[PDB]
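**Q** Could you have a look at this structure, given as structure tokens, before my questions?
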Amino acid sequence: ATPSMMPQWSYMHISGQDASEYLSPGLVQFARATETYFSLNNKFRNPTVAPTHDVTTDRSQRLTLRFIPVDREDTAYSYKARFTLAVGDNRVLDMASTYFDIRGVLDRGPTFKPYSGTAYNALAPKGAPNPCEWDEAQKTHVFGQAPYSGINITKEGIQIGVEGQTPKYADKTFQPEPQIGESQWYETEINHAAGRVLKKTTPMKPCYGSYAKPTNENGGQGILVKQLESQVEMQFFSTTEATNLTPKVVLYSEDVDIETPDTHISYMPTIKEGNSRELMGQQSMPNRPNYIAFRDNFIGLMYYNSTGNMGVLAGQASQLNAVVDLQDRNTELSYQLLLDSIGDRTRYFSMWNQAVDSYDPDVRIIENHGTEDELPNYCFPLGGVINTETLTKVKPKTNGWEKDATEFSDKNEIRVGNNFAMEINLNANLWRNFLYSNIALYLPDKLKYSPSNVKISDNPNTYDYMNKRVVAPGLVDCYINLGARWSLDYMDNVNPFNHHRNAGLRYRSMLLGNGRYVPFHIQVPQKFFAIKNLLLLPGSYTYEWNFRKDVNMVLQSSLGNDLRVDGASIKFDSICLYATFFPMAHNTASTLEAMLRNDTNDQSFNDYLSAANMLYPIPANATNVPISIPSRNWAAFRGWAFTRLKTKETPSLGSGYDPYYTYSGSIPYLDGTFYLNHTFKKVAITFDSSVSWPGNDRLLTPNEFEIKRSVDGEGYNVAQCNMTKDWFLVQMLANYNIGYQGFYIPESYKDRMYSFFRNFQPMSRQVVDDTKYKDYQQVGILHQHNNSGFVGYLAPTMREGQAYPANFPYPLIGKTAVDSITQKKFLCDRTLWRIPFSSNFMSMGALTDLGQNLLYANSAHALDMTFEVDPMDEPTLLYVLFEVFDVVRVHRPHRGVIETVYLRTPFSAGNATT
Amino acid sequence: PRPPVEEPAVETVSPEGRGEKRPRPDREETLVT
Amino acid sequence: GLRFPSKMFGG
Amino acid sequence: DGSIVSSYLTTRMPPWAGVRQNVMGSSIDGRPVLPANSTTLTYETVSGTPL
């Protein structure tokens, strides 16, 4: 109301002084003394005031810009989009606000199943057939059902009701509906029933998983044939001993377009084609759930570290590329480990598709508590009782009894004794459904076997192979390692992230949708560290980038199947570069421009991984792995970090297209989902072909880094596992500076997701001893008959057998506990075995004391590291991080000039030869 | 990202932002680091 | 202390 | 009714689509677009043919 609002903004403390300034100096001195026991802090209003001038412009200027591609290109294997990243005068652009808005259509292929179970008749039994017809030696047999109860039956069909006096009969296209039957529980008489039965030309499927498309508006499915009229014939049935004749059951025969779009047959009884009686025993099993989606943080779209497909950021005057990418850099993993350190990695950010690959901890490490099934769980009939007998009311005489038929009827359904019931163990069935769906179906393929009478694919990287390999439920049944927190030895070397409980890929698949055909709209971040946080000064810059079209790289399936064979395809419609400018004032952004063009104000960046990446191949079942770095100035060396990979699961980057890479699961090289850490025995590091590192009698075994042991005579293991005491000391000092003043649980901010202690899980179980137990008999999976007559044999099919005392496993408890031996191991996922190049294995700075040592800085030393690993029957890799200082310094001296100097030490990418 | 620091050069860790017992909730008063 | 600014909705 | 239309204060027309009238629109190639009163314009819907 007042032209100068300041005298009453200062009075009410809207704009003015802090409470340290407007209060009396004795009250401020009082409130600081009593602050811990009598708070006067919130009793006084403290104003905060935004700056008016020289912060935000008043001119017409956009926050977000839209950059059309100047020069786009669609290869059959990649996509290239070239832009003009024009930063105008008195404007600054942080390249973190820049991203690519990619549109297109994603085809997930026929092998995508985003849900466990089936969509159609899931409550049906798996052996329950449809109402089907067949031929025997030829007569056409009918096995059907007539649930509807009408009024009368003539040759026109069943009478569903009247319209006045005219009998209005059932419309044969959709009536009688297969969902409508009796509503009462007691089996009253139906003299005029009807139902629907599939014809003999319709192929016989089980009810579980059966779908036919509806061919009219009223939902009545049936093949329309041109003459466009449905052929639904009526089939009248009567009593066997009745053959006047009145028909009792009318079955509307029909041809449907029947299909099982999300199930498969787990038991084919007959190899022959055509309908038969034996095909009522075929049993349907749901297909394995396959989550096909873009990777976490959009790994695999963008060509990083492929210098043949290297992107461009250069000014349009010079067009000299300021991006100098390298093949022994890992820009994807440097961005996966960066987001763990500066943020909560458990959270989900849908815009960058930031949903971390995370297995379920019950599935990886089986913590088998048994089942809480002390009470029997019974099912009961519809009216509580079915086997009542007929009795007659009897009144006493005036010993003596006589019939009372005046008030009570002579027929009374009265049950004598307990009612009928059947018993099911519910908690065991929920736990046996858990272990089979999550663990037994994810076993290695050497454990499984081919189904009988089912055509299976020959390519093992096809989903049709992985779906149909039938696995015995007795391998992982509800009694495996009872009371042992023990991951299976079969399941250690199997990727836990290729699973349908991978909650990241579970989230990233549903973020696109549930269908095969997904038109997507994605925002892909920039990960190259020199241009990831770069603040561009004004100028005209070209900004060119290569995108992948490889469906084994841009997509992630939860089984790891070859998505090129499995019909997955991606098509890019258009890509737009967006860039959000801060609306800075044109004199402030001219001062900031002029300050940041000095050669002392150069923006310098560092890759978060900061490592040289060397994949050393390991042959199949090869225990010893010798590597060799020939000769180098080892100045500014930080340390090592290593993890075994798989050659099947790791693509050779630098190649723009690998036609022999038949895998679309989690790539541990790119996302940080490392899981083969436990397969290391020892590391022997010897500098200069003579000097063992660290030397100095540092370790209890001073010549090498013993990571784990089988033979432990001298007693050097930690954590009730087989990890040694030297190696647990190093790994707690490398990550946490913990170990010289006692081992303790590190703080929650140092113990991130990809760290050691978050993921180190020690385990122990007891198995039977074949050397001490006297009555030991090796019983294979063919002859183990626990749950003998209540469980299907070697199959998820129907039960078979008799009730009988089990023979497997041997009891480890009780008075008859067998002679048992302890097997110890550990699993430590998601992490890299860090060995820091420090004289006390501690992090006292990023540039360590041995990297500054005059031994390694003024001389050239050889390096001969000798890894010893567990044998694996698969060609595996070895991913050693040679930790360096991958540092860029960026100079922009004039408008549109972008000069960068890259340098990493020791493993530099430029010497006098280049 | 970095704990608070005084500059007496030498570089001295500052004790501000640490947790204390307070009769009133500490988020409405201070920033707790 | 007394220098901490007052809690308001959105600023 | 007998009353005067319009006796209320008229706020001027917003210059964007879906406000001016509630007639069934049309796409750029002639496909029928439902009016702005429809429940199907509370989400977005996108079509795409695969490769």
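Let's see how each residue does on (1) in contact with a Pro (Cβ under 9 Å, 6 or more places away or on another chain); (2) of a type outside the set (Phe, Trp, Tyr):
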site	(1), (2)
A:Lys205	yes, yes
A:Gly209	yes, yes
A:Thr215	no, yes
A:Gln221	yes, yes
A:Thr240	no, yes
A:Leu245	no, yes
A:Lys248	no, yes
A:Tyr252	yes, no
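**Q** Continuing with the same structure: Return the residue satisfying two criteria in turn: it lies in segment A:19-61 and is of a type in the set (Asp, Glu) and within 12 Å of chain C (Cβ to nearest Cβ), and of such residues it is surrounded by the most Cβ atoms within 10 Å (Cβ to Cβ).
**A** Kept after step one, since they are of a type in the set (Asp, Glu), are these residues of segment A:19-61: A:21, A:35, A:54, A:58.
Adding the requirement that they be within 12 Å of chain C (Cβ to nearest Cβ) leaves A:21, A:35.
Working: A:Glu21: 12, A:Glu35: 18.
Taking the candidates together, the pick is A:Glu35.
**Q** A:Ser452 fails exactly one of the following numbered conditions: (1) of a type in the set (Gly, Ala, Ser); (2) surrounded by fewer than 14 Cβ atoms within 10 Å (Cβ to Cβ); (3) in contact with a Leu (Cβ under 9 Å, 6 or more places away or on another chain). What is the number of that condition?
**A** (3)
**Q** Suppose we filter D:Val23, D:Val5, D:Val46 for residues that are surrounded by 10 or more Cβ atoms within 10 Å (Cβ to Cβ) and assigned to a loop (DSSP other than H, G, I, E, B); which single one remains? Show your work before the answer.
**A** Details: D:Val23 fails: surrounded by 10 or more Cβ atoms within 10 Å (Cβ to Cβ); D:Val5 fails: surrounded by 10 or more Cβ atoms within 10 Å (Cβ to Cβ).
The unique qualifying residue is D:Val46.
**Q** Which of the residues belonging to segment A:154-195 are surrounded by 14 or more Cβ atoms within 10 Å (Cβ to Cβ), part of a loop (DSSP other than H, G, I, E, B) and not hydrophobic (A, V, I, L, M, F, W, C)? Write out each step before concluding.
**A** First pass over segment A:154-195, keeping only residues surrounded by 14 or more Cβ atoms within 10 Å (Cβ to Cβ): A:157-160, A:167, A:169-178, A:181, A:190, A:192-195.
So of that shortlist, the ones also part of a loop (DSSP other than H, G, I, E, B) come out as A:170-178, A:181, A:190, A:192.
A:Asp171, A:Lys172, A:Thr173, A:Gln175, A:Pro176, A:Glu177, A:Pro178, A:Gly181, A:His192 - these are the residues of segment A:154-195 that are surrounded by 14 or more Cβ atoms within 10 Å (Cβ to Cβ), part of a loop (DSSP other than H, G, I, E, B) and not hydrophobic (A, V, I, L, M, F, W, C).
**Q** Moving to a separate point now. What do you reckon, is A:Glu413 assigned to a strand (DSSP E or B) and either surrounded by fewer than 12 Cβ atoms within 10 Å (Cβ to Cβ) or of a type outside the set (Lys, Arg) (or both)? Walk me through how you get there before you give the answer.
**A** On the way: assigned to a strand (DSSP E or B): yes; either surrounded by fewer than 12 Cβ atoms within 10 Å (Cβ to Cβ) or of a type outside the set (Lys, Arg) (or both): yes.
So A:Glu413 fits the description; yes.
**Q** Can I ask one more? Could you go through segment A:481-493 and let me know if any residue there is of a type in the set (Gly, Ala, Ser), closer than 25 Å to A:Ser266 by Cβ and in a loop (DSSP other than H, G, I, E, B). Please lay out each step first, then the result.
**A** Kept after step one, since they are of a type in the set (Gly, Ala, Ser), are these residues of segment A:481-493: A:483-484, A:487.
From what's left, closer than 25 Å to A:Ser266 by Cβ: none.
No, there is no match, as no residue in segment A:481-493 is of a type in the set (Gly, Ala, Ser), closer than 25 Å to A:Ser266 by Cβ and in a loop (DSSP other than H, G, I, E, B).
**Q** Looking at (1) within 55 Å of the chain's Cα centre (by Cα); (2) more than 14 Å from chain C (Cβ to nearest Cβ), find the lone condition where A:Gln8 falls short.
**A** (1)
**Q** Here is a check on your reading of the model: is A:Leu443 over 27 Å from A:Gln283 (Cβ atoms), among the aliphatic types (A, V, I, L, M) and assigned to a loop (DSSP other than H, G, I, E, B)? Walk me through how you get there before you give the answer.
**A** Details: over 27 Å from A:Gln283 (Cβ atoms): no; among the aliphatic types (A, V, I, L, M): yes; assigned to a loop (DSSP other than H, G, I, E, B): yes.
Taking the combined requirement at face value, the residue does not satisfy it.
**Q** Scan segment A:682-700 and report the pairs whose first residue is more than 14 Å from A:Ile629 (Cα to Cα) and whose second residue is aromatic (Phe, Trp, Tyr) and assigned to a loop (DSSP other than H, G, I, E, B), with Cβ atoms within less than 9 Å and a gap of 6+ or a chain change.
**A** Once the first residue is more than 14 Å from A:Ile629 (Cα to Cα) and sits in segment A:682-700, its partners that are aromatic (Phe, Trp, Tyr) and assigned to a loop (DSSP other than H, G, I, E, B) give A:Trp693/A:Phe837; A:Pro694/A:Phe841; A:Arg698/A:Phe841; A:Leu700/A:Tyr716.
**Q** Follow-up. Residue under question is A:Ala81, and the condition is that it be surrounded by 11 or more Cβ atoms within 10 Å (Cβ to Cβ) and more than 14 Å from chain C (Cβ to nearest Cβ); does it hold?
**A** Working: surrounded by 11 or more Cβ atoms within 10 Å (Cβ to Cβ): yes; more than 14 Å from chain C (Cβ to nearest Cβ): yes.
Against the criterion (surrounded by 11 or more Cβ atoms within 10 Å (Cβ to Cβ) and more than 14 Å from chain C (Cβ to nearest Cβ)), A:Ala81 qualifies.
**Q** Which one is farthest from A:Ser655 (Cα to Cα) among residues in segment A:512-567 that are under 21 Å from the mean Cα position of the chain (by Cα) and among the β-branched types (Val, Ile, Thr)?
**A** The residue in question is A:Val518.
A quick yes/no check of all residues on (1) surrounded by 15 or more Cβ atoms within 10 Å (Cβ to Cβ); (2) within 14 Å of chain D (Cβ to nearest Cβ); (3) in a loop (DSSP other than H, G, I, E, B):
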site: A:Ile575; (1), (2), (3): yes, no, no
site: A:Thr591; (1), (2), (3): no, no, no
site: A:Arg597; (1), (2), (3): yes, no, yes
site: A:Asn601; (1), (2), (3): no, no, yes
site: A:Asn613; (1), (2), (3): yes, no, no
site: A:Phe637; (1), (2), (3): yes, no, yes
site: A:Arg644; (1), (2), (3): yes, no, no
site: A:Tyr661; (1), (2), (3): yes, no, yes
site: A:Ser664; (1), (2), (3): yes, no, yes
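**Q** So the check is Cβ under 7 Å with 6+ separation or different chains; which pairs have a first residue in segment A:405-420 that's basic (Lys, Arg) and a second one that's in a loop (DSSP other than H, G, I, E, B)?
**A** A:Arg415/A:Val385; A:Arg415/A:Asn387; A:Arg415/A:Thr388
**Q** When the residues of segment A:203-229 are filtered to those that are surrounded by fewer than 20 Cβ atoms within 10 Å (Cβ to Cβ) and hydrophobic (A, V, I, L, M, F, W, C), which remaining residue is nearest to A:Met268 (Cα to Cα)? Quick ask: steps written out before the conclusion?
**A** Here is the first cut: in segment A:203-229, the residues surrounded by fewer than 20 Cβ atoms within 10 Å (Cβ to Cβ) are A:203, A:207, A:211-219, A:223-229.
Applying the additional criterion that residues be hydrophobic (A, V, I, L, M, F, W, C) yields A:207, A:212, A:223-225, A:228.
On the way: A:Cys207: 15, A:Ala212: 21, A:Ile223: 26, A:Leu224: 30, A:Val225: 31, A:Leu228: 35 Å.
My answer is A:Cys207.
**Q** Just to be sure I understand, how many residues within segment D:34-51 are more than 14 Å from chain A (Cβ to nearest Cβ) and under 26 Å from A:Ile522 (Cα atoms)? Full working, then the answer.
**A** First, the residues of segment D:34-51 that are more than 14 Å from chain A (Cβ to nearest Cβ): D:34-42.
With the extra rule that they be under 26 Å from A:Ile522 (Cα atoms), the set shrinks to D:39-42.
Counting residues in segment D:34-51 that are more than 14 Å from chain A (Cβ to nearest Cβ) and under 26 Å from A:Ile522 (Cα atoms) gives 4.
Yes/no per residue for (1) of a type in the set (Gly, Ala, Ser); (2) away from every other protein chain (no Cβ under 14 Å):
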residue: A:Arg469; (1), (2): no, yes
residue: A:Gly474; (1), (2): yes, yes
residue: A:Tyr479; (1), (2): no, yes
residue: A:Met491; (1), (2): no, yes
residue: A:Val494; (1), (2): no, yes
residue: A:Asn498; (1), (2): no, yes
residue: A:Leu505; (1), (2): no, yes
residue: A:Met510; (1), (2): no, yes
residue: A:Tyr517; (1), (2): no, no
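**Q** Quick check on my filter: what residues within segment A:499-519 are of a type in the set (S, T, N, Q) and over 17 Å from A:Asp262 (Cβ atoms)? Write out each step before concluding.
**A** Initially, segment A:499-519 is screened for residues of a type in the set (S, T, N, Q), giving A:502, A:509, A:514.
Result: A:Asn502, single match.
**Q** On the basis of being farther than 22 Å from A:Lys213 by Cα and in contact with a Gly (Cβ under 9 Å, 6 or more places away or on another chain), does A:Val142 make the cut?
**A** Details: farther than 22 Å from A:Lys213 by Cα: yes; in contact with a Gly (Cβ under 9 Å, 6 or more places away or on another chain): no.
For A:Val142, the condition - farther than 22 Å from A:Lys213 by Cα and in contact with a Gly (Cβ under 9 Å, 6 or more places away or on another chain) - is not met.
**Q** Next question. If you check A:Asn309, A:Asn305, A:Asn321, which single one turns out to be closer than 23 Å to A:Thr650 by Cβ and in contact with a strand residue (DSSP E or B) (Cβ under 6 Å, 6 or more places away or on another chain)? Outline the logic, then answer.
**A** Values: A:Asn305 fails: in contact with a strand residue (DSSP E or B) (Cβ under 6 Å, 6 or more places away or on another chain); A:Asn321 fails: closer than 23 Å to A:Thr650 by Cβ.
Every option except A:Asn309 fails the conditions.
**Q** Tally up the residues in segment A:870-906 that are closer than 11 Å to A:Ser604 by Cα and of a type in the set (S, T, N, Q), please.
**A** Within segment A:870-906, residues that are closer than 11 Å to A:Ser604 by Cα and of a type in the set (S, T, N, Q) number 1.
Coordinate-derived values only; no laboratory data. A quick note on method: Cβ atoms are made from the backbone with ideal geometry, for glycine too, and the neighbour counts reach across all protein chains shown.
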